[PDB]
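Here's the structure, in structure tokens; my notes come after.
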Amino acid sequence: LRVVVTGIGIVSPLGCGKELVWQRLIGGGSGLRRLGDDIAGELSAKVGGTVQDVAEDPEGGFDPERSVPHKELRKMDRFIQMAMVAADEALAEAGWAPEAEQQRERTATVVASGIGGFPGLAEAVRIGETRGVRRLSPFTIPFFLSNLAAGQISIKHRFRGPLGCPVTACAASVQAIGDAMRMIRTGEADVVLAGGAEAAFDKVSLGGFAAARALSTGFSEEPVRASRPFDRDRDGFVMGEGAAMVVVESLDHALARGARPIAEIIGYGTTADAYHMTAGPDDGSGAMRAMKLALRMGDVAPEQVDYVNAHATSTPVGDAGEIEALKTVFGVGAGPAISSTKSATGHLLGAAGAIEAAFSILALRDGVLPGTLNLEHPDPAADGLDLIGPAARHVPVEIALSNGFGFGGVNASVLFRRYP
Amino acid sequence: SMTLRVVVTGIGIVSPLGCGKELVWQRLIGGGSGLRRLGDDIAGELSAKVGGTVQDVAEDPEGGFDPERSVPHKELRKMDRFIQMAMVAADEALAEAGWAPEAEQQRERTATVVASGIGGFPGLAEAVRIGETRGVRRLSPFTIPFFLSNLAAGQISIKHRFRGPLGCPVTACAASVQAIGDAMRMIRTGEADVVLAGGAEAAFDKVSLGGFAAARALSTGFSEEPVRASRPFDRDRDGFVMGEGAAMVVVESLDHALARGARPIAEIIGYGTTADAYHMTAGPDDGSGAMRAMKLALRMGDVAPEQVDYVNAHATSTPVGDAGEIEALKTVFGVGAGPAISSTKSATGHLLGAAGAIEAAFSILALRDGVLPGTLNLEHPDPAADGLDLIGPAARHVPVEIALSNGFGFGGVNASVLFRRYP
Ligand SMILES: C=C1C[C@@]23C=CC(=O)[C@@](C)(CCC(=O)Nc4c(O)ccc(C(=O)O)c4O)[C@@H]2C[C@@H]1CC3
Ligand SMILES: C=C1C[C@@]23C=CC(=O)[C@@](C)(CCC(=O)Nc4c(O)ccc(C(=O)O)c4O)[C@@H]2C[C@@H]1CC3
């Protein structure tokens, strides 16, 4: 059964609204900024991809009151608020707003997060250390539970089909899209609102990644330079926040209702390294297998892939592993054009898969491949791979692959074809 | 292939009634309870004083929890308690199944799908307290993977070299019902041959308990008589009793099991999942989303309601929750006949994200042995349940062929899984 995407929503460090975000991305913009001392004061990691408010970004700022009434915001952590805005955008684009119970019952909501409501949870613990646990809000638990992103979206829109919340670290929202497609094919839903949401900035979460030496520290005075996937001087990832959503349905379902497919989902693959808890193997074998499964599903040879949106987070070991995986799948000398948009957005963690899927889809729609900012001295291990430098590449393309990996050895890859 | 019959070939349990499914089963069927007074470090400030706790080998010599049996002592520092329980339950299930592939051909066809509701809450809470006292610069390098929900499946995969899909559904108290449904789905789509599926939860902390107490969801009226506090369907229920544990099943096609000589313990014939889109912490009074999930599982199994012998209800002992499920059961099954219904949360407490997997295991064992667990504490059944065959405290010894198990959660999540006895 053929499956398509009919709507996209984005809340990100480059703004809210996918057209504006796309225009900013291709123009070389960056969402990386110095973090507040309340988050980063104790740490050497001083830079993050932050979502700005309307006062800071009048055109593209985040105002969750447009999707959630003021008095309801108290009931949901930031990631959920972001999820609600991104979902509204994707649904409006897809024109999916079912009033009838039949259609509502056939709409699923599958929204990933990596860490979920960390700020809410941290605040509850801090209350426990101060005012006392007898003073916790009645909303404490659903405020931070990961599945209340999907939950609040479903309540608002009356989506009464399956609910999902994959929490598979930084691959989670790639899996959300694969899980959406799988449900369309098994007949368990007719439309899926799928994606990811993450808003985990807090001294403790940042501190936890810091303690693992996973975060960039050497570019604090030049924040836009800090995220440099594939570059010789990369020194760890830059945490980001945001949310991105896609509306997924069968091609036949889309065309019957007059919805324009934006792109087709033709492949999905997911695997486990079973290697180490926080690093993948140097040979990239788990990631390699995930990519090959998505290509097999799409019946696409490696030489037919035009564009790869790599997971590459700007870690030394992580980017090297993905380089090796890509060489195994595609060879050297020819192959796909490859970039990492984490160079501009930072690492949206459990929302990274969905935002990069969205960029992969827009790349196909527009024949514009995002560049990799800061790619000044490519890792020599990547010689023979067509890594896109800072300039976006304007070229008609048909097939795009997007990767997402996470702690716990999770690899996921999703493959798209241009429509028509 | 979508027409594959799917079976369970091994089961593992870590619970408030012990570790090891056979011992746990014998203790459950004998009317045992895992409910105990919590430590003051957890519940000292709160009026919810009772929990289903997992005991160590000093406290329970035959059935105690010793994670060093599964994980070297040095490595325990790297994993929160929910993961340690997951590891022990997974080892049990895998040993019973005889699934320990050494070749990549089989390793690549083994998935690992382990739910949690809250994940490493004690780990996360400790990191935050460290942050307030000693400073975030003192955090362990293992802080993040210590608590991430998916590191339960992750650590299991690493130990056993399972290289197929990893899953971690975090859909609250329906989560490990969905894990089983997701496992079945993956066998039917051809994405895996064997799935280690289940749930793991160890969320006891003053803040998590405090949060549930703030939602008025916890029992507070039975502190002096802990074993009486979890009373699903009873007139005097006043909220659920939090528990901890892990349970796992090994899922594969019947054809694959027969090929390798593994004995199916039961068959998985149906799964359904729905969303209420009603309220963030309560379902509708008529249980209509639960009803729909149950009917979807029955439809998938091609089973009429009158063919169901046993229902392991979600019923957690909350006033509104159990009443909703009563109404859903009446809609699906009618009144006057219908299945025998019990809730084993009466004995184990609510294992949250691991409730689905443990209750699945009990439903499977019920079919295997022809013994339906009772509902402890059911002294004055809610009148709304008149017409439903609620099992009282005594386990019922009767041959049975079909069992349904429900799991629901905050955010309007409903899931149901349906089993048939094997052969
Ligand atoms: C075992 C080691 C060696 C060490 C050395 C160099 C590194 O690059 C890091 C810092 C990160 C590895 C990595 O990219 N993991 C890694 C991964 O497997 C999957 C995903 C991500 C992600 O960001 O999405 C990720 O970050 C590792 C982690 C830990 C300590 C230092
Ligand atoms: C909206 C209300 C009314 C209120 C009144 C009586 C109740 O019984 C509770 C306390 C819990 C309802 C419930 O069982 N939710 C509920 C649910 O939907 C799904 C799962 C569970 C679970 O334990 O697994 C659950 O607990 C609710 C919660 C909140 C405040 C008081």
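Residues in the structure tokens are numbered from 1 in each chain, the chains being A, B, ... in the order shown, and ligands are numbered from 1 in the order shown.
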(message) Just want the 9 Å neighbourhood of residue B:190, counted on only C-alpha atoms, with same-chain residues fewer than 4 positions away dropped. Output as a list in words.
(response)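 Near residue B:190, the qualifying residues are residues 1, 2, 185 and 186 of chain B.
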Write out the residues from the selection above, keeping C-alpha atoms, as a short mmCIF file (atom, residue, chain, number, x, y, z; two decimals), in the first residue's frame.
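Final file, result-v5.cif:
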data_model
loop_
_atom_site.label_atom_id
_atom_site.label_comp_id
_atom_site.auth_asym_id
_atom_site.auth_seq_id
_atom_site.Cartn_x
_atom_site.Cartn_y
_atom_site.Cartn_z
CA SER B 1 3.08 -12.42 6.92
CA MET B 2 -0.18 -10.95 8.25
CA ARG B 185 2.52 -6.54 14.76
CA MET B 186 6.20 -6.88 13.97
#
All residues 12 Å or closer to residue B:419, only C-alpha atoms, same chain fewer than 5 positions away omitted, as a compact mmCIF listing (two decimals) with N, CA, C and O atoms, in the first residue's frame:
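The resulting file, out_5.txt, is shown below:
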# COMPACT_ATOMS: atom_id res chain seq x y z
N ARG B 5 0.06 -17.12 12.76
CA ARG B 5 -0.34 -17.32 14.15
C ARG B 5 0.86 -16.98 15.02
O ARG B 5 1.99 -17.21 14.63
N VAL B 6 0.60 -16.30 16.13
CA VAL B 6 1.64 -15.76 17.00
C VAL B 6 1.48 -16.39 18.38
O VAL B 6 0.37 -16.47 18.88
N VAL B 7 2.59 -16.79 18.99
CA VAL B 7 2.59 -17.48 20.28
C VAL B 7 3.60 -16.88 21.23
O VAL B 7 4.49 -16.12 20.82
N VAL B 8 3.41 -17.20 22.51
CA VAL B 8 4.30 -16.87 23.56
C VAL B 8 5.03 -18.13 23.98
O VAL B 8 4.38 -19.16 24.25
N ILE B 180 3.30 -5.63 23.82
CA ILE B 180 2.89 -6.98 23.32
C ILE B 180 2.18 -6.90 21.95
O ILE B 180 2.48 -7.70 21.03
N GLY B 181 1.25 -5.95 21.81
CA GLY B 181 0.59 -5.69 20.56
C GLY B 181 1.58 -5.31 19.47
O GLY B 181 1.47 -5.77 18.32
N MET B 184 3.53 -8.42 18.39
CA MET B 184 2.69 -9.21 17.49
C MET B 184 2.69 -8.59 16.10
O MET B 184 2.85 -9.30 15.10
N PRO B 264 4.90 -23.71 22.58
CA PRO B 264 4.09 -22.52 22.85
C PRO B 264 3.37 -22.67 24.15
O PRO B 264 2.90 -23.75 24.45
N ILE B 265 3.33 -21.61 24.94
CA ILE B 265 2.65 -21.62 26.20
C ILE B 265 1.20 -21.18 25.98
O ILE B 265 0.28 -21.73 26.56
N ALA B 266 1.00 -20.20 25.11
CA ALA B 266 -0.33 -19.78 24.67
C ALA B 266 -0.18 -19.05 23.35
O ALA B 266 0.93 -18.71 22.94
N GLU B 267 -1.32 -18.78 22.72
CA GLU B 267 -1.38 -18.09 21.45
C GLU B 267 -1.90 -16.67 21.65
O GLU B 267 -2.84 -16.48 22.42
N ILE B 268 -1.35 -15.70 20.93
CA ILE B 268 -1.88 -14.31 20.93
C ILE B 268 -2.76 -14.18 19.69
O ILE B 268 -2.27 -14.26 18.57
N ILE B 269 -4.06 -13.99 19.88
CA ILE B 269 -4.99 -13.95 18.74
C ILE B 269 -5.57 -12.57 18.42
O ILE B 269 -6.14 -12.39 17.33
N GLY B 270 -5.41 -11.59 19.31
CA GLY B 270 -6.02 -10.28 19.06
C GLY B 270 -5.39 -9.18 19.89
O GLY B 270 -4.91 -9.40 20.99
N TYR B 271 -5.44 -7.98 19.33
CA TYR B 271 -4.95 -6.79 19.96
C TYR B 271 -5.73 -5.59 19.42
O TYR B 271 -5.97 -5.49 18.20
N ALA B 297 -9.85 -6.12 19.61
CA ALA B 297 -9.11 -7.33 19.93
C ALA B 297 -9.94 -8.57 19.58
O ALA B 297 -9.45 -9.50 18.95
N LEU B 298 -11.21 -8.57 19.97
CA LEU B 298 -12.14 -9.64 19.64
C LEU B 298 -12.29 -9.83 18.14
O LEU B 298 -12.28 -10.97 17.64
N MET B 300 -10.17 -8.97 15.75
CA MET B 300 -8.94 -9.48 15.20
C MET B 300 -8.87 -10.97 15.45
O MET B 300 -8.41 -11.73 14.61
N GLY B 301 -9.32 -11.41 16.61
CA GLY B 301 -9.29 -12.84 16.95
C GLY B 301 -10.40 -13.69 16.36
O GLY B 301 -10.39 -14.93 16.51
N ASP B 302 -11.36 -13.04 15.70
CA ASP B 302 -12.61 -13.65 15.24
C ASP B 302 -13.31 -14.42 16.35
O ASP B 302 -13.82 -15.52 16.16
N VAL B 303 -13.36 -13.79 17.52
CA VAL B 303 -13.96 -14.36 18.71
C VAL B 303 -15.21 -13.53 19.04
O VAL B 303 -15.15 -12.31 19.16
N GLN B 307 -17.65 -16.21 23.70
CA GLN B 307 -16.53 -17.17 23.71
C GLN B 307 -15.38 -16.80 24.66
O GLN B 307 -14.47 -17.59 24.84
N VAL B 308 -15.40 -15.61 25.26
CA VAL B 308 -14.32 -15.23 26.20
C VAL B 308 -14.60 -15.87 27.57
O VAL B 308 -15.69 -15.71 28.12
N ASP B 309 -13.64 -16.57 28.11
CA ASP B 309 -13.80 -17.25 29.40
C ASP B 309 -13.39 -16.42 30.58
O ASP B 309 -13.98 -16.52 31.67
N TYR B 310 -12.38 -15.58 30.38
CA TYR B 310 -11.71 -14.87 31.46
C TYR B 310 -11.27 -13.49 31.01
O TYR B 310 -10.72 -13.34 29.93
N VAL B 311 -11.49 -12.50 31.87
CA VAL B 311 -10.94 -11.16 31.65
C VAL B 311 -10.10 -10.78 32.86
O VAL B 311 -10.59 -10.81 34.00
N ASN B 312 -8.84 -10.45 32.60
CA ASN B 312 -7.98 -9.82 33.57
C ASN B 312 -8.16 -8.33 33.35
O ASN B 312 -7.61 -7.76 32.41
N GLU B 359 0.07 -8.80 33.78
CA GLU B 359 -1.31 -9.25 33.67
C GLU B 359 -1.53 -10.10 32.47
O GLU B 359 -2.36 -11.04 32.53
N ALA B 360 -0.77 -9.83 31.40
CA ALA B 360 -0.68 -10.75 30.29
C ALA B 360 -0.17 -12.11 30.74
O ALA B 360 -0.76 -13.13 30.38
N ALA B 361 0.93 -12.13 31.49
CA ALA B 361 1.50 -13.36 32.00
C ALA B 361 0.48 -14.10 32.84
O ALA B 361 0.33 -15.31 32.69
N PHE B 362 -0.23 -13.40 33.74
CA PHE B 362 -1.22 -14.08 34.55
C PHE B 362 -2.37 -14.64 33.69
O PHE B 362 -2.88 -15.71 33.99
N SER B 363 -2.74 -13.94 32.63
CA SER B 363 -3.82 -14.42 31.76
C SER B 363 -3.38 -15.68 31.02
O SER B 363 -4.15 -16.63 30.85
N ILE B 364 -2.13 -15.68 30.60
CA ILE B 364 -1.55 -16.85 29.92
C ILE B 364 -1.46 -18.05 30.85
O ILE B 364 -1.79 -19.16 30.44
N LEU B 365 -1.00 -17.82 32.09
CA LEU B 365 -0.91 -18.91 33.07
C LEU B 365 -2.29 -19.47 33.46
O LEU B 365 -2.44 -20.68 33.69
N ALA B 366 -3.29 -18.59 33.52
CA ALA B 366 -4.67 -18.96 33.75
C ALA B 366 -5.14 -19.97 32.72
O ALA B 366 -5.73 -20.98 33.08
N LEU B 367 -4.89 -19.68 31.45
CA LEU B 367 -5.20 -20.59 30.36
C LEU B 367 -4.42 -21.89 30.47
O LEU B 367 -5.01 -22.95 30.36
N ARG B 368 -3.11 -21.81 30.72
CA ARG B 368 -2.27 -23.01 30.85
C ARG B 368 -2.80 -23.96 31.92
O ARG B 368 -2.91 -25.17 31.70
N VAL B 400 -10.30 -23.37 30.80
CA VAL B 400 -10.65 -22.17 30.01
C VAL B 400 -9.86 -22.16 28.71
O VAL B 400 -8.81 -22.76 28.64
N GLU B 401 -10.38 -21.49 27.68
CA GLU B 401 -9.73 -21.48 26.36
C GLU B 401 -9.32 -20.09 25.87
O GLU B 401 -8.35 -19.97 25.14
N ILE B 402 -10.06 -19.05 26.28
CA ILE B 402 -9.82 -17.67 25.77
C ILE B 402 -9.81 -16.67 26.90
O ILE B 402 -10.71 -16.67 27.73
N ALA B 403 -8.78 -15.83 26.94
CA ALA B 403 -8.61 -14.82 27.98
C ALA B 403 -8.30 -13.47 27.37
O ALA B 403 -7.50 -13.38 26.43
N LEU B 404 -8.94 -12.41 27.90
CA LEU B 404 -8.68 -11.02 27.50
C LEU B 404 -8.03 -10.27 28.67
O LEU B 404 -8.33 -10.51 29.85
N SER B 405 -7.11 -9.37 28.33
CA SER B 405 -6.45 -8.55 29.35
C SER B 405 -6.42 -7.10 28.91
O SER B 405 -6.03 -6.83 27.77
N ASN B 406 -6.83 -6.19 29.79
CA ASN B 406 -6.92 -4.75 29.47
C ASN B 406 -5.86 -3.92 30.21
O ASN B 406 -5.41 -4.28 31.33
(request) Using only C-alpha atoms and all ligand atoms, find each residue with an atom at most 8 Å away from ligand 1 and format the answer as number ranges by chain. (result) A: 169-171, 212-215, 235-237, 276-280, 311-319, 347, 349, 404-410; B: 141
(message) Only residues of chain A matter here; which ones have an atom within 7 Å of chain B, counting only C-alpha atoms? Give them as a PyMOL selection string.
(response) chain A and resi 42+122+124-125+128+133-134+136-142+146-148+151+154-155+158-169+203-204+207-209+211-212+270-277+408-410
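Using only C-alpha atoms, the protein and nucleic acid residues lying no more than 8 Å from residue A:144, apart from those fewer than 3 places from it along its own chain, are residues 76, 77, 116, 117, 118, 120, 121, 140, 141 and 148 of chain A.
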(request) Write out as a list in words all residues of stretch 4-70 of chain B that DSSP puts in strand (DSSP E) for this structure's backbone. (result) residues 6, 7, 8, 9, 10, 11, 12, 13, 14, 15, 18, 19, 35, 36, 37, 50, 51 and 52 of chain B
Okay, now the selection with N, CA and C atoms, as a short mmCIF file (atom, residue, chain, number, x, y, z; two decimals), in the first residue's frame?
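Here's the written file selection31.cif:
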data_model
loop_
_atom_site.label_atom_id
_atom_site.label_comp_id
_atom_site.auth_asym_id
_atom_site.auth_seq_id
_atom_site.Cartn_x
_atom_site.Cartn_y
_atom_site.Cartn_z
N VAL B 6 0.60 -16.30 16.13
CA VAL B 6 1.64 -15.76 17.00
C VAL B 6 1.48 -16.39 18.38
N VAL B 7 2.59 -16.79 18.99
CA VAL B 7 2.59 -17.48 20.28
C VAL B 7 3.60 -16.88 21.23
N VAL B 8 3.41 -17.20 22.51
CA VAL B 8 4.30 -16.87 23.56
C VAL B 8 5.03 -18.13 23.98
N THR B 9 6.37 -18.08 24.00
CA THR B 9 7.19 -19.25 24.31
C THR B 9 8.02 -19.13 25.59
N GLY B 10 7.98 -17.97 26.23
CA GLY B 10 8.59 -17.84 27.53
C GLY B 10 8.05 -16.61 28.25
N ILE B 11 8.13 -16.67 29.57
CA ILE B 11 7.60 -15.65 30.44
C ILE B 11 8.59 -15.42 31.58
N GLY B 12 8.79 -14.16 31.95
CA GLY B 12 9.62 -13.79 33.10
C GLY B 12 8.92 -12.77 33.97
N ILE B 13 9.04 -12.90 35.29
CA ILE B 13 8.38 -11.96 36.21
C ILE B 13 9.28 -11.58 37.38
N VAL B 14 9.33 -10.27 37.65
CA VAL B 14 9.86 -9.69 38.87
C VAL B 14 8.72 -8.89 39.48
N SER B 15 8.33 -9.17 40.70
CA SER B 15 7.11 -8.55 41.20
C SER B 15 7.06 -8.44 42.71
N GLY B 18 7.27 -11.76 44.30
CA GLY B 18 8.50 -12.48 44.04
C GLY B 18 8.97 -12.41 42.61
N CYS B 19 10.10 -13.06 42.40
CA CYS B 19 10.75 -13.23 41.13
C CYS B 19 10.70 -14.72 40.72
N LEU B 35 1.52 -6.31 48.99
CA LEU B 35 1.38 -4.95 49.46
C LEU B 35 1.98 -4.79 50.88
N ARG B 36 2.74 -3.72 51.04
CA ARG B 36 3.52 -3.49 52.21
C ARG B 36 3.55 -2.00 52.53
N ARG B 37 3.82 -1.71 53.79
CA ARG B 37 4.06 -0.33 54.20
C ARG B 37 5.36 0.16 53.56
N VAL B 50 1.08 2.75 51.39
CA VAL B 50 1.17 1.33 51.04
C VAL B 50 1.65 1.24 49.59
N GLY B 51 2.51 0.28 49.30
CA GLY B 51 2.93 0.02 47.91
C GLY B 51 3.18 -1.48 47.71
N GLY B 52 3.19 -1.89 46.45
CA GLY B 52 3.62 -3.22 46.09
C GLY B 52 5.12 -3.16 45.81
#
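Minimum atom-to-atom distances from A:320, A:288, A:401, A:226 to residue A:375 were compared using only C-alpha atoms, and the lowest value belongs to A:226.
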Selection: 6 Å around stretch 326-342 of chain A, only C-alpha atoms, excl. self and same-chain fewer than 2 positions, as an mmCIF file with N, CA, C and O atoms, in the first residue's frame:
data_model
loop_
_atom_site.group_PDB
_atom_site.id
_atom_site.type_symbol
_atom_site.label_atom_id
_atom_site.label_comp_id
_atom_site.auth_asym_id
_atom_site.auth_seq_id
_atom_site.Cartn_x
_atom_site.Cartn_y
_atom_site.Cartn_z
ATOM 1 N N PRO A 302 21.221 1.672 -3.841
ATOM 2 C CA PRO A 302 21.963 2.816 -3.244
ATOM 3 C C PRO A 302 22.291 3.947 -4.225
ATOM 4 O O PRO A 302 22.227 5.167 -3.891
ATOM 5 N N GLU A 303 22.608 3.558 -5.453
ATOM 6 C CA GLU A 303 22.946 4.538 -6.487
ATOM 7 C C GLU A 303 21.728 5.392 -6.905
ATOM 8 O O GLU A 303 21.905 6.418 -7.563
ATOM 9 N N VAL A 305 19.678 6.807 -4.588
ATOM 10 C CA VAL A 305 19.461 7.817 -3.541
ATOM 11 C C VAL A 305 20.131 9.157 -3.940
ATOM 12 O O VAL A 305 21.331 9.206 -4.227
ATOM 13 N N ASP A 306 19.334 10.226 -3.989
ATOM 14 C CA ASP A 306 19.838 11.551 -4.324
ATOM 15 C C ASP A 306 20.413 12.325 -3.164
ATOM 16 O O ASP A 306 21.424 13.032 -3.315
ATOM 17 N N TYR A 307 19.780 12.177 -2.001
ATOM 18 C CA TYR A 307 20.056 13.041 -0.853
ATOM 19 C C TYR A 307 19.956 12.199 0.420
ATOM 20 O O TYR A 307 19.009 11.441 0.550
ATOM 21 N N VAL A 308 20.912 12.380 1.332
ATOM 22 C CA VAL A 308 20.842 11.824 2.685
ATOM 23 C C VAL A 308 20.919 12.963 3.713
ATOM 24 O O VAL A 308 21.883 13.725 3.726
ATOM 25 N N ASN A 309 19.904 13.074 4.558
ATOM 26 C CA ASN A 309 19.982 13.893 5.747
ATOM 27 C C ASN A 309 20.483 13.030 6.881
ATOM 28 O O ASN A 309 19.779 12.165 7.416
ATOM 29 N N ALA A 310 21.751 13.234 7.220
ATOM 30 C CA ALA A 310 22.467 12.338 8.116
ATOM 31 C C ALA A 310 22.035 12.659 9.512
ATOM 32 O O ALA A 310 21.600 13.775 9.805
ATOM 33 N N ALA A 312 24.228 12.831 11.852
ATOM 34 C CA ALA A 312 25.453 13.485 12.351
ATOM 35 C C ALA A 312 25.273 14.691 13.269
ATOM 36 O O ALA A 312 24.916 15.787 12.827
ATOM 37 N N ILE A 323 29.809 8.067 9.023
ATOM 38 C CA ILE A 323 30.654 8.112 7.838
ATOM 39 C C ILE A 323 30.954 6.690 7.332
ATOM 40 O O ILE A 323 30.821 6.406 6.140
ATOM 41 N N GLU A 324 31.351 5.804 8.246
ATOM 42 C CA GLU A 324 31.648 4.431 7.874
ATOM 43 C C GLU A 324 30.392 3.675 7.356
ATOM 44 O O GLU A 324 30.467 2.934 6.383
ATOM 45 N N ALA A 344 22.599 23.731 11.770
ATOM 46 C CA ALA A 344 21.822 24.991 11.876
ATOM 47 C C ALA A 344 20.814 24.989 13.043
ATOM 48 O O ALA A 344 20.563 26.020 13.630
ATOM 49 N N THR A 345 20.209 23.845 13.353
ATOM 50 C CA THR A 345 19.152 23.761 14.363
ATOM 51 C C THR A 345 19.637 23.310 15.729
ATOM 52 O O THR A 345 18.974 23.516 16.721
ATOM 53 N N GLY A 346 20.807 22.700 15.762
ATOM 54 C CA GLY A 346 21.185 21.893 16.901
ATOM 55 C C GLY A 346 20.404 20.585 16.922
ATOM 56 O O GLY A 346 19.636 20.270 15.992
ATOM 57 N N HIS A 347 20.632 19.829 17.992
ATOM 58 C CA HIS A 347 20.135 18.475 18.153
ATOM 59 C C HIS A 347 18.816 18.494 18.929
ATOM 60 O O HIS A 347 18.795 18.667 20.133
ATOM 61 N N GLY A 371 22.565 22.594 3.018
ATOM 62 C CA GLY A 371 23.977 22.463 3.261
ATOM 63 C C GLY A 371 24.309 22.153 4.704
ATOM 64 O O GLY A 371 23.409 22.068 5.563
ATOM 65 N N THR A 372 25.580 21.872 4.972
ATOM 66 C CA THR A 372 26.027 21.667 6.336
ATOM 67 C C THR A 372 26.798 22.906 6.763
ATOM 68 O O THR A 372 27.868 23.156 6.269
ATOM 69 N N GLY A 384 35.622 10.921 -0.514
ATOM 70 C CA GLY A 384 34.856 10.045 -1.409
ATOM 71 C C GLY A 384 33.356 10.173 -1.207
ATOM 72 O O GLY A 384 32.609 9.763 -2.074
ATOM 73 N N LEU A 385 32.916 10.711 -0.059
ATOM 74 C CA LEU A 385 31.498 11.022 0.159
ATOM 75 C C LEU A 385 31.239 12.472 -0.270
ATOM 76 O O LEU A 385 32.025 13.352 -0.008
ATOM 77 N N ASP A 386 30.100 12.698 -0.916
ATOM 78 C CA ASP A 386 29.702 14.018 -1.405
ATOM 79 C C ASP A 386 28.983 14.781 -0.278
ATOM 80 O O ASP A 386 27.738 14.946 -0.249
ATOM 81 N N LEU A 387 29.784 15.265 0.651
ATOM 82 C CA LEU A 387 29.274 16.072 1.751
ATOM 83 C C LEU A 387 28.994 17.469 1.222
ATOM 84 O O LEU A 387 29.848 18.080 0.591
ATOM 85 N N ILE A 388 27.796 17.956 1.495
ATOM 86 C CA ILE A 388 27.411 19.274 1.067
ATOM 87 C C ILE A 388 27.968 20.275 2.083
ATOM 88 O O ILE A 388 27.696 20.156 3.282
#
Please, which residues in stretch 10-34 of chain B fall within 12 Å of stretch 391-395 of chain B when counting only C-alpha atoms, and what is the closest atom pair and distance in Å to one decimal for each, ordered by chain then residue number, as a tab-separated table?
residue	atom	partner	partner_atom	distance
B:25	CA	B:395	CA	11.3
B:26	CA	B:395	CA	10.9
B:27	CA	B:395	CA	11.3
B:28	CA	B:395	CA	8.8
B:29	CA	B:395	CA	5.8
B:30	CA	B:395	CA	7.7
B:31	CA	B:393	CA	7.1
B:32	CA	B:393	CA	10.3
B:33	CA	B:393	CA	11.4
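Across A:48, A:13, A:95, A:27, the tightest approach to residue A:392 is made by A:27 when counting only C-alpha atoms.
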